[PDB]
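What follows is one chain in structure tokens, specifically the form deposited in one PDB entry.
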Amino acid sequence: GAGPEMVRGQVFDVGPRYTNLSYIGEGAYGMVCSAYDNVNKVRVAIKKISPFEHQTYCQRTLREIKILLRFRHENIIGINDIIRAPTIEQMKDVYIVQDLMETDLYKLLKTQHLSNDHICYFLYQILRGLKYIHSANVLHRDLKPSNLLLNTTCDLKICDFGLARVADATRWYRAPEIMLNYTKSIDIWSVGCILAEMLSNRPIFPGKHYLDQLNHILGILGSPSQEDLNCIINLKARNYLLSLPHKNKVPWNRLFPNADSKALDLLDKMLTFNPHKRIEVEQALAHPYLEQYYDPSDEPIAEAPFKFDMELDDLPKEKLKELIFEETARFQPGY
């Protein structure tokens, strides 16, 4: 017998079906590896999570599992298999088996210059997947380059649905609403930040802290209008913003001198301060910049909207642990 697998001192008890592990990434309460599947004869991605000590991690874990099990779309990552201990007393870790992708957008932007057509094509696939997510009445809430996975043929899939929620983060990609004390339009903002980063290979709003984040935003958009501020904003944020000196709006064509003016027009409509005036996903797909890829015939939507039977916030982590145990039962031999 081989014994339990191990990656960087950390156990990976992924049975005899999954072997040849390599580190490919990490998260807050887990680690991602690639592995050889001896059944399907492919290498896969295994996501190990260890959520049980924290009630929030348990919540995210259950939420990600229920959603990815339900969603079925080519621009969304799925779950092919889930491994965990045969008993609830023994369950300290959950392993989620997923299609292996070549890399993420974070890394690609780190060493590659994108042509306009590739920007255009990546943008299309993000929005297409976001169409499905939003049709399901779900917010991803953490769109960013490292959560966008790419394969050898530039196919794109959204990953990490841990922060995903039923319709009502990373600082650089979070909408001004979020920080001003939300709806589907927070994802559009993130997609905007991502477009801007594909254009110049650098984040458009790299705030060191939440305050510095709001500065960077206003550093391009200009001082907020009266109506822009009026949104049940917290006293702190509003007073500070009102105390700042005037900031002039920087034109997109000056910040991205060589960018397709169509790309910039859409970029403008996504990075709109006021979320009510921000472009929605379908209107985005239909934008002239994407005409070459827009195909309403081939852009599927969720059969029905998503809903949670129980209110997960209210549940103690021991109740949540039980639910993760049950949700993952169907992947258990016998069953």
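Don't overthink the numbering: it's just position in the shown sequence, from 1. Between two forms, the rigid core is the largest collection of C-alphas that superpose within 1.5 Å.
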Residues with no coordinates between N181 and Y182, taken from the deposited sequence as a class: 1 to 3
Extent of unmodelled deposited sequence, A169 relative to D168: 10 or more
Given 258 to 266 and 218 to 226, the range whose Cα B-factors average higher in the PDB entry: 218 to 226
Residue stretch of maximal mean CA temperature factor, 9 to 17 vs 307 to 315: 307 to 315
Most elevated Cα B-factor in the entry, residues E177, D93, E74, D104: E177
Options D187, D99, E197, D155 - largest CA temperature factor per the record: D155
Chain-wide C-alpha B factor ranking for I79, given as lowest, middle or highest third: lowest
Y210 by Cα B-factor - lowest, middle or highest third of the modelled chain: highest
Chain-relative CA temperature factor third for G162: highest
Assigned third (lowest, middle, highest) for the C-alpha B factor of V138: middle
Record-listed C-alpha B factor of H54: chain third: highest
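Keep in mind that the form solved in complex with a partner chain is missing from the display, and what follows is about it.
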In the bound PDB entry, segment of 122 to 130, 185 to 193, 158 to 166, 80 to 88 with a heavy atom within 4.5 Å of the partner chain: 122 to 130
Non-hydrogen atom contact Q112 with the partner chain in the bound PDB entry at 4.5 angstroms: yes
Contact test in the bound PDB entry: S223 vs the partner chain, heavy atoms, 4.5 Å: no
Exercise: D117 in contact with the partner chain in the bound PDB entry, heavy atom 4.5 Å: yes
Partner contact for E64 in the bound PDB entry: the partner chain, 4.5 angstroms, heavy atom: no
Partner-contacting position among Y294, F273, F306, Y289 - heavy atom within 4.5 Å of the partner chain in the bound PDB entry: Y294
Position with Cα shift of 2 Å or more, rigid core superposed between the shown form and the other one, options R238, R72, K262, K92: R238
Rigid core fit then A286 CA moved by 2 Å or more between the shown form and the other one: no
Core fit, then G27 C-alpha moves 2 Å or more between the shown form and the other one: yes
Core-superposed C-alpha of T153 shifting 2 Å or more between the shown form and the other one: no
